[PDB]
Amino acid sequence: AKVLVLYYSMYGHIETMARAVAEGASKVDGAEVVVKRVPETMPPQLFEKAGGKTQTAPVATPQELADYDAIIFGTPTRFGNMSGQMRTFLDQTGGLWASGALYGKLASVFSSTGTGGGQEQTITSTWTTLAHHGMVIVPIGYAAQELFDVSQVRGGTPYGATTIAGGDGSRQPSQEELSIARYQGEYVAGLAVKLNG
């Protein structure tokens, strides 16, 4: 099976999580894992001025989504929605939609916020789009044990992995957060192999 980890990141938090997801997915022997990013939509000079992080990942086209058996979407929260960059990208998949190109493919979502609020809503509002495409939606439930831990501040929900970046973005993803992100990649990649070989 081919698994795409398709993300948007301004400051690197989602990018770090995406690498944890790909690393989890890679544990699955029949799974070929690819990590790509959506295009930046901001002017490059404003991106740079805002202290945006440069990223090595190749840039995806909307069309190449059809080449995968499973897509794990990563996006920071913008007021409890996916980011304008991710939304802009998915608004270009009308050709794919009209030809049934993602129908029955697997979809899963991870997210990042500054102080936690909106992390659930970002994921489940992304599911809505995946559903219009007839994609099978993969939540993580409570198989990741770190989800039971209330002793430290941490991202992660039954809908998908998440990280808390802090108000100023100074937090890095915790071990527990990355561990849930690895689980998500393992689980979705296992389902992709199970369905598609």
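Superpose the two forms; the largest set of C-alphas matching within 1.5 Å is the rigid core. Numbering starts at 1 and runs along the sequence shown.
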#### Entry: Larger mean CA deviation from the shown form in 8 other deposited structures of this protein [core fit; 127-135 vs 53-61]
53-61
### Message
Does at least a third of the other compared PDB entries (those resolving both flanking residues) leave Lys36 without coordinates?
### Response
no
### Cross-entry absence of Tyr142, a third or more of other PDB entries
no
### Task
Using only the Cα atoms and their B-factors as the entry lists them, report which of 44-52 and 58-66 averages higher.
44-52
### Message
Mean Cα B factor from the PDB record: higher for 136-144, or higher for 165-173?
### Response
165-173
### Task
Pull the Cα B-factor of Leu130 out of the PDB entry and bin it into the chain's lowest, middle or highest third.
lowest
### Summary
Quick tally, chain-level thirds of C-alpha B-factors: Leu4 sits in the middle
### Third of chain Cα B-factors occupied by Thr157
lowest
### Message
Quick check on the deposited entry: does the C-alpha B-factor of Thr93 sit in the lowest, middle or highest third of its chain?
### Response
middle
### Message
Splitting the chain's C-alpha B-factors into thirds, which one does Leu195 fall into?
### Response
highest
